[PDB]
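Peer 1:
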Ligand SMILES: *[C@@H]1O[C@H](CO)[C@@H](O[C@H]2O[C@H](CO)[C@@H](O[C@@H]3O[C@H](CO)[C@@H](O)[C@H](O)[C@@H]3O)[C@H](O)[C@H]2NC(C)=O)[C@H](O)[C@H]1NC(C)=O
């Protein structure tokens, strides 16, 4: 079983303990570690942060302690403009440019593959996205003729029914990608004035219309569409989403007024790291959607939807039972990586739990 773990570049700048660098990563924790977001310049892959080539080095040294550990570089991301991605893949000329540029870049900095994080192809991009994948892989196959281990190619894919249908030819790209990461944690929030859980595993028979907004559907649909289980990787949250309540109500459907107040370390309205939540939990009221199988907490006028050890194990067994290829954890740097926020003296508690379940039968 695979355990893909993303690490984000900008997490280095959080203050105090919040600060996280590649060397804080347990080299045996995950099987695949993904350095988050490389940039594109003049149609060539390139660095982003001022010290990337240094962090690259840091991250890839872990490979000296664990020879089996594989690393990848993800392109795109949220601060990368989809349009941008669009422009590059639309023209065979700029596309080939970008592609030819990749292999050397990765060989140079020591990465074992490329992760495409084109954040949401449009109805008009579906045909190009497929192209970009074919040719990219075709190139990776050609570069392997030089006696080195073939480069890996993967992609983070939305788990949103409409999004999927609108921009992905899942049956095609699945044959060319080594694995696909399902962003199964973006089901709510997305600015809709009512409290709700972003990563529910299940259907929850109550108040519906969505029905498609849970990991289960997502997984099932993907399967239906043609993507093999042995290439699917389910996404697992290591952060929670917060909301500022507009009334004293707390149950399902509760009126919301906007995102939650920022955390002392991540400082971004609407998000919390698990380690911030661990601190938030002191003096709060914890609840759990039985049908969906995920927590949520409240304190004052703040409402939080998050994933805990159990929920995570839950989802992990789930993916095992459907026989998928593995789990994907968004934000090793959002987990309690110091192991000094969530109590039970343990480093990477959430990520660790997934591993434990995956190591089980
Ligand atoms: C990720 O790569 C991007 C593409 O190379 C790069 O984007 C930018 O490229 C230049 C370099 O700064 C920008 O320059 C400006 O825009 C106008 C002219 O177009 C000037 O008048 C102005 O003075 C300024 O120099 C481009 O605007 C911008 N281009 C695009 C298409 O985004 C990014 O800098 C890079 N991001 C990071 C974080 O490194």
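Numbering (our numbering), first residue to last: -1 to 359. Virtual Cβ for every residue (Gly too), placed ideally from N, Cα, C.
Checking 8 Å against the spacing of the C-beta atoms, do residue 278 and residue 271 come in under that value?
Peer 2: No, these two residues do not count as a Cβ contact at 8 Å.
Peer 1: DSSP three-state label for residue 335, please.
Peer 2: coil
Peer 1: Note down, in chain order, each residue of its chain lying with its Cβ closer than 6 Å to the Cβ of residue 26, except the 5 sequence neighbours on either side.
Peer 2: 64
Peer 1: By a C-beta neighbour count over all protein chains shown, 10 Å radius and 16 as the cutoff for buried, is residue 342 buried or exposed?
Peer 2: exposed
Peer 1: Which residues bound the alpha helix (DSSP H) around residue 216?
Peer 2: 213 to 223
Peer 1: Count the CB pairs spanning the stretch 232 to 242 and the stretch 253 to 262 that are closer than 8 Å, and state whether there are at least three.
Peer 2: They touch, by the three-pair rule.
Peer 1: Say the cut is 7 Å; is the CB of residue 86 nearer than that to a heavy atom of ligand 1?
Peer 2: Taken from the Cβ of residue 86, every heavy atom of ligand 1 lies 7 Å or farther away.
Peer 1: Go ahead and label residue 139 buried or exposed: buried means 16 or more other beta carbons lie within 10 angstroms of its beta carbon, across all protein chains shown.
Peer 2: exposed
Peer 1: Taking three-plus beta-carbon pairs below 8 Å as touching, is the stretch 29 to 37 in contact with the stretch 89 to 100?
Peer 2: With a cut-off of 8 Å, the stretch 89 to 100 and the stretch 29 to 37 do not count as touching, because too few Cβ pairs lie within range.
Peer 1: Report the three-state DSSP secondary structure of residue 14 (helix, strand or coil).
Peer 2: Note: residue 14 maps to helix in three-state DSSP.
Peer 1: Report all residues from its chain with a CB closer than 7 Å to the CB of residue 155; omit the five preceding and five following residues, and keep chain order.
Peer 2: Taking residue 155 as the centre and dropping the five residues before and after it, the same chain places the C-beta of 166, 178, 179, 180, 181 closer than 7 Å to its C-beta, in chain order.
Peer 1: Can you tell me whether residue 89 is helix, strand or coil according to DSSP?
Peer 2: coil
Peer 1: Count the other C-beta atoms from every protein chain shown that fall within 10 angstroms of the C-beta of residue 227, then say buried if there are 16 or more, exposed otherwise.
Peer 2: exposed
Peer 1: Output the distance between the C-alpha atoms of residue 194 and residue 91, rounded to the nearest integer angstrom.
Peer 2: 44 Å
Peer 1: So does the stretch 1 to 9 actually touch the stretch 324 to 339, counting three or more Cβ pairs closer than 8 Å?
Peer 2: Contact between the stretch 1 to 9 and the stretch 324 to 339 is established, with three or more Cβ pairs separated by less than 8 Å.
Peer 1: Pick out whichever of 151, 232, 143, 118 has its Cα sitting closest to the Cα of residue 133.
Peer 2: 151
Peer 1: Please state if the CB of residue 112 and the CB of residue 70 are separated by a distance shorter than 8 Å.
Peer 2: Taking the C-beta atoms as reference points, residue 112 is found nearer than 8 Å to residue 70.
Peer 1: Please indicate yes or no: does the CB of residue 350 lie closer than 7 Å to some heavy atom of ligand 1?
Peer 2: no
Peer 1: Start and end of the beta strand (DSSP E) containing residue 123?
Peer 2: Unbroken run through residue 123: none, as it is neither H nor E.
Peer 1: Looking at the structure shown, is residue 133 part of a helix, part of a strand, or coil, going by DSSP?
Peer 2: helix
Peer 1: Excluding the 5 residues flanking residue 333 on each side, which residues of the same chain have their C-beta closer than 6 Å to its C-beta?
Peer 2: 236, 272, 346, 348, 349
Peer 1: Report yes if the C-beta distance between residue 224 and residue 172 is below 8 Å; otherwise report no.
Peer 2: yes
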